[PDB]
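Close look at the chain arrangement
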Amino acid sequence: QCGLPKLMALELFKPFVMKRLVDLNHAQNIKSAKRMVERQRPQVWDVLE
Amino acid sequence: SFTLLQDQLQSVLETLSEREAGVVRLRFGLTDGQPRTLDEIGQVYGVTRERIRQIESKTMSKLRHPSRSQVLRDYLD
DNA sequence: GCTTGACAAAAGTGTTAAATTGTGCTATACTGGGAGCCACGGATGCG
DNA sequence: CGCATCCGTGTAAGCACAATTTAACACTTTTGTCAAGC
């Protein structure tokens, strides 16, 4: 195991997070998911988990 | 995302309107690539210039409806 | 629901002016640049 | 045939005329628009 910072991990996994957000209807499309992630809304962290 | 537009804006809204959007495919050249004037898309069939002029406004009003309008909001900056 | 005719605006044809670019000419005499502030390996003459 | 030394190498155009390209203007065709009626 290794500990990875939230800010770093989010930027590395951005595309996976966007896909998962789109699937769970937190964002309407890819641009919406990317904009949501760039603002780092509270719902992004649960998806990243 | 542009390709996803070819999946949404180009396709689904056309399936639910038949020729009301089939003419639009010729209007902006979604097929064969040529945007076409009212006469060109009308002269080959039995529909006049003014009728296509009315149909374009009717389609614009139809697609302004919130149910269709809300979906495409994210594809425009 | 669809068509007819007058009307305003936008898109073509063609002429013309202008700006932009290319080529040629100038006959006192002048005639040969001027810069400039190393060590290593492979080969050939000599002993 | 081996060694010492030499070499190669990583300060000064401007004008005239002709030809091409680009814009400005004018009119004409086409397009979209409006009302009204068939």
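Residues numbered from 1 in each chain as written, not as in the entry; some residues may be left out. Chains lettered and ligands numbered in written order. Part of a larger assembly, values for the part shown. Heavy atoms only, no water.

If you check the header, you'll see the entry was determined by cryo-EM and the resolution is listed as 3.16 Å.

As named in the PDB entry, chain B is RNA polymerase sigma factor SigA, taken from Mycolicibacterium smegmatis MC2 155. Listed as the entry title in the PDB record is "Mycobacterium smegnatis RNA polymerase RP2-like transcription initiation complex with SigmaA, RbpA, HelD N-terminal domain and open promoter DNA".

In the nomenclature of the PDB entry, chain A is known as DNA-directed RNA polymerase subunit beta' of Mycolicibacterium smegmatis MC2 155.

Once that is clear, we can look at the packing of aromatic side chains. Residues and elements named next belong to chain A. Enumeration according to the criterion identifies one aromatic pair over all chains in this entry. Centroid distance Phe-13 to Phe-16: 6.0 Å. Interplanar angle 55 degrees. Geometry classified as tilted. Across from the ring centre of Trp-45, 4.6 Å away, lies the NZ or CZ of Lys-6, which sits over that ring. (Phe/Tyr/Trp six-rings, centres within 6.5 Å; stacked < 30°, edge-to-face > 60°. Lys NZ or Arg CZ within 6 Å of the ring centre and 35° of its normal.)

Turning next to the nonpolar core. Listed in full, the 10 residues of the largest apolar core are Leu-10, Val-17, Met-18, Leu-21, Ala-27, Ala-33, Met-36, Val-37, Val-44 and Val-47 of chain A. In this view, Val-47 of chain A contacts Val-17, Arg-20 and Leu-21 of chain A; residues no more than four positions away in its chain are not counted. (Core = buried A, V, L, I, M, F, W, Y, C linked by side-chain atoms within 4.5 Å. Buried < 20%, exposed > 50% of the residue type's maximum accessible area, 1.4 Å probe, protein only. Contact = heavy atoms within 4.5 Å.)

Now for the protein's contact with DNA strand D. Residue and element names in this part refer to chain B. Looking at DNA strand D, the residues that line it are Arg-27, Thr-37, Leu-38, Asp-39, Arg-49, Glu-50 and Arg-53. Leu-38 is positioned such that a nitrogen or oxygen atom in its backbone is 3.1 Å from a phosphate oxygen of DNA strand D. Within the side chain of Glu-50, one N or O atom sits 3.0 Å away from a base nitrogen of DNA strand D. Elements with a minimum of two residues in the surface near DNA strand D: α3 (38-43) and α4 (49-63). The element best represented in the surface near DNA strand D is α4, accounting for three residues. (Near = heavy atom within 4 Å. Polar contact = N/O pair within 3.5 Å; in protein donor to acceptor, adjacent residues only side chain to side chain. Helix = DSSP H or I, 4+ residues; strand = E, 2+ residues; numbered from the N terminus.)

All names here are of chain B. By nearness alone, every residue bordering DNA strand C is listed as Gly-46, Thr-48, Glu-50, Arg-51 and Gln-54. When atoms of DNA strand C within 4 Å of the protein are split into backbone and base, the sugar-phosphate part holds 82%. Within the side chain of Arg-51, one N or O atom sits 2.4 Å away from a phosphate oxygen of DNA strand C. In the surface near DNA strand C, the residues fall into no nonpolar, three polar and two charged. (Nonpolar A, V, L, I, M, F, W, Y, C, P; charged D, E, K, R; others polar.)

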